[PDB]
Amino acid sequence: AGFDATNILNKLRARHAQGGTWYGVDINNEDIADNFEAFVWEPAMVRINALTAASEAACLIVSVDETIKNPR
Amino acid sequence: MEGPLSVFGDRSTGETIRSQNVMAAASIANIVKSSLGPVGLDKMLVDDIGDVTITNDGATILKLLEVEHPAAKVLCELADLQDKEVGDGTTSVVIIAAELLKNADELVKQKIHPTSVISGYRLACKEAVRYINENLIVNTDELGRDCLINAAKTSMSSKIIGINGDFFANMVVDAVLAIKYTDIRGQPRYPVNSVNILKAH
Amino acid sequence: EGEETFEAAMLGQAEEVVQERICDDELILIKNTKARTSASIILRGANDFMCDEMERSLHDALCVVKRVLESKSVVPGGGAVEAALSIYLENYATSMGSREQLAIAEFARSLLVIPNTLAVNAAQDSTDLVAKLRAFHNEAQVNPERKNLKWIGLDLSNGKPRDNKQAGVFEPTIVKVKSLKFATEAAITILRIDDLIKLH
Amino acid sequence: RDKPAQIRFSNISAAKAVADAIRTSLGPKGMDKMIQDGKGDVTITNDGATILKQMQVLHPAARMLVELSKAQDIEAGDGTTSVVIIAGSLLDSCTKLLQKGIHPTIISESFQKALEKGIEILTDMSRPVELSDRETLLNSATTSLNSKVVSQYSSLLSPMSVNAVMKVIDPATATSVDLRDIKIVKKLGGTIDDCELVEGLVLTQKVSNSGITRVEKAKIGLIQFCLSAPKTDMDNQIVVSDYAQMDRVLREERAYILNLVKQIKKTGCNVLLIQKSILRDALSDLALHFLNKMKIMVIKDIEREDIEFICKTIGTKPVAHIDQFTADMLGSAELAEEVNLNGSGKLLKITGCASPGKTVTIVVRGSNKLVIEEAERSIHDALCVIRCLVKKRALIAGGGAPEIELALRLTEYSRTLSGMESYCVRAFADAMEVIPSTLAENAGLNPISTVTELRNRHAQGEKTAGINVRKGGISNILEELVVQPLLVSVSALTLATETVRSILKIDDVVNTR
Amino acid sequence: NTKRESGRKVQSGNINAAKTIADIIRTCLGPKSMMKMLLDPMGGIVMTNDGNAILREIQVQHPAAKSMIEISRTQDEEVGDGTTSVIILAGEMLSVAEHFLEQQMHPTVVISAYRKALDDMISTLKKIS
Amino acid sequence: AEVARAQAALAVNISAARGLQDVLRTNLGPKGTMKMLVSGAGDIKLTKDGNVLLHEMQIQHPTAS
């Protein structure tokens, strides 16, 4: 989007500490704003499902430093 | 050092020396960490070879030590300067420096009115100082229940070898008033070291 | 020369000067020192090392009172004031956003090192030190108040937050307002050089 | 050959490579340096400006750099870094051209074509301000001063520089008030507040002892006659094999000089500037002791500097032997003044001296030399910026953003030039945009955002507007409270236009043997 | 100048010297006896039951041994005897405690044990003294 | 520092001593022989006596002392 991951995300943190409705980056508009009224629209289930898999593999594989293999 | 070796003169030109500074910066503050607080370990530190010093005070440690980098140098002042302030906060000022100078440049490099960046670490001090001016929540000798008695009693609880802090809560009250000397800004506070104090076996 | 006469100018005036030998040590004890107020507290102990023992215990009951008599405003000693300030200043950074959410938070995250290192210096499980303090520290309690609805205190010889709110091992607002800026300084202190070069 | 090709590139190598890390320019940016030298040292270094003057860089193209830096100082008093920040700017464009294969002498006059129109685009963005005007003089110096090490004393420093100029200035419009005219004279003690602006010639020399003449009717001049005596200028036949022969000449030595210093004070001399030449003695130590008995200000083997100002300002001429009395070619001085302030310092002040209408002597005082030098360096840029106003009338920006303002333009000017040079000048015409980011550059992490957008910002601010480098944000840089007289920046092009073009000339290498 | 050392590394170096010093003299001390014989670089033999006599004649390692000569003296400074006891006794507690206890991870009760292990001496001695 | 200790350390000693003595088996009685010793003087010193041989020229050993 041509932005500053440094500067912008905090602005959206700020605009979620000031706003906090949808305020977020638009790669489309190349700006930052409420994405729902920036019309960037996706279901929450995929995001719910993103969460479900997010921590899942995360918490999953971190439970293995103890790994076994038997190519033999 | 790190990265480009092409020019001497401690010119590593950016992040290299900057990191070679944060290295040196994270290098010097280490002794202080293990020496931080009264639970900070006590460092026997060789002065020459058989010449040694056993010190848990980073500032005192620093004073024997020498500064091999500006990163090593700029802290050994401010640490000994905060030591020069009192000696309370010697170890305090030391450590946080090593973290912020990889933090400080990262923002102030980007310019866009380059002046005001590290004031983000300053206004925070203000923001802190204000709150720091606001804390009677803990540490009150301003008034206790017995005031300077219990204040000393809890202080004689802060340093406690025994049930001392019974008479010794009162002695410290007796002590500050035992000393009467001109003290300025109007202080009834009178120096606590000069108190005439005698030991009886 | 001992041939010198004596005049009363070198005489001290007192209600009485009476000789009290106590402990098998005779002292000159001036009752009613007239031209100022005076006191001395003798320390009864098993030995003078036992007296060395409590005398030093007395000295950090002194300077703390003194430093309090120096500044009525104070803090608890240690990075526990950070533990409040840090997340608060990281919060105080948050709505700033941009550059400014970084600095004040990149500031306040660097605060945390002092007490936790001091904690593990006491082997206090620095996870504990943060667990206790910044729990109490909240939006519920953003509040130092004058009092404890949260505990912002850290005992230094303990390495662990205790319940001592009067203790003499803390520090006033004096050295702490200083240590902040000096810490902010070293962020700046190295940065003033303009350009760079090398010499022959 | 390859050597001419490579050595230029090798000259382009070193000089450019230096000029880059030579840009942290200004700012509180980049981490402080000790310097372990080429032959070794530990040199704790700061402020690339002085570092530029400190800079020893030794390489055929490195030596022109230290020069290039020092010139913009004496050219302006400012922009010391700024001449080099556009130096590596020129040093890049040459490559792509020589990488395009373009002939270096064809590349050479392109620098002129760049310098020719570049100063006019600078003259276009120049906001002309009066060179004799108290306010423009105040305000322009104020921007330097407020950026100098004392922004406080600046309030007292600027009118001094304003009045130092306006006295020394030629009336109405003038290119005048050099730094040669101005004689900046330190005085130990006093205050920065007690920094004194004297219109006349104050020689910084330390007057012999004290209690000497502070009175009026001086006669100051450099006197190359010597005070004769036995075993001084006068013949003796007596070798000393004994103690009495040693003493006899001395008894006649000090007495005869004691009557020579009278002739000096009889001349009307409350000062003398003693020739640095001696025979056995010239003016002896007792002689000065005898001259000071007569209240003749004496400094033995006077510094060559105050020798010139009194000859420059007053027009001093050689003087006849004291046994010949004098030619009264001691310069005209109505006051021999030794000021002592903070109880410190011995300062000859010659006031009522013959003066051209120029030669202000700013007396710089302070509780410490460091206290002295702060304002002294500050009032200098108060002098110089005003002097830059005097030498050239304008207020442009400082900080190098208006370079981008020249850059958008001079690009098209090449595009209009429509020559091979239109490719040569244009390759630099944009390449000059590099500085505002390279100022910022040397500090931190997460780098990229500001750099590219700066030149973009001004480019989106187009020709009339752009981002302020110091204060940030997009506003026309020329009038900000970031400002310079245009003289500052145009010389930076001039100086760099040439020394860089001088590299284009180098074919192969020689070493005078 | 500035130098930093850390962790077990020095404390293991602390373990080494005094403990290795604690070897021969513990066999030497008491009626059961041996001799610690220093080899001079020329082959010169110096055999004593006092290691502190041998320790000086050659390099004294910094971490343990530099303090042990002084706690050797201090004991002999005080009562007039005991250079050979304290070293092996300090070598004892030095040996097995920290690493084990630091593998159980804490500097604190280690230091604190010295106290309460010290007084149990004071306690059980003067009872059976 | 460099310390040889206990069982392995005394080996070189008993290795020296027993190793050093076995040369004197050429001595002690008429079936034994005078042992030739030479010094920096180059003096051939013929003694079946242990002392003469022993205290003049030998190989460096801790037991040799």
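We just call them A, B, C, D, E and F in the order they show up, numbering each chain from 1.
Keep this in mind: contacts are C-beta pairs under 8 Å (C-beta built on N, C-alpha and C of every residue); 3 or more make two chains touch, one makes a residue touch a chain.
According to UniProt, the chain labels map to these proteins: D = T-complex protein 1 subunit delta.
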item	value
Contact-graph separation of chain B and chain E, given in steps at minimum	1
C-E or C-D, whichever has more C-beta pairs in contact	C-D
Chain A-chain B separation of Cα centroids, rounded to whole Å	41
Whole-Å separation of chain centres (CA-atom averages), chain A against chain E	60
Gap in Å, rounded to a whole number, between the CA centres of chain C and chain B	10
Centroid distance [mean C-alpha coordinates] between chain F and chain B, Å	67
Contacts with 2+ other chains: residues of chain A	6-7
Per-residue overlap in chain F, given as positions that touch at least 2 other chains	none
Sites on chain C at which at least two other chains make contact	99-100, 102, 122-123, 188-191, 196-199
Contact set on chain D toward chain A in their complex	446, 449
Residue numbers on chain F that touch chain E, as the complex places them	1, 3-6, 60-62, 64-65
Complex interface listing, chain C residues touching chain E	122-123
Residue numbers on chain C that touch chain B, as the complex places them	22-23, 25, 27, 36-48, 50-70, 72-82, 84-85, 88-89, 92-93, 99-100, 102-104, 106-111, 113-114, 117-118, 121-123, 144-148, 150-159, 164-191, 196-199
Chain D-facing residues of chain A, complex	3-7
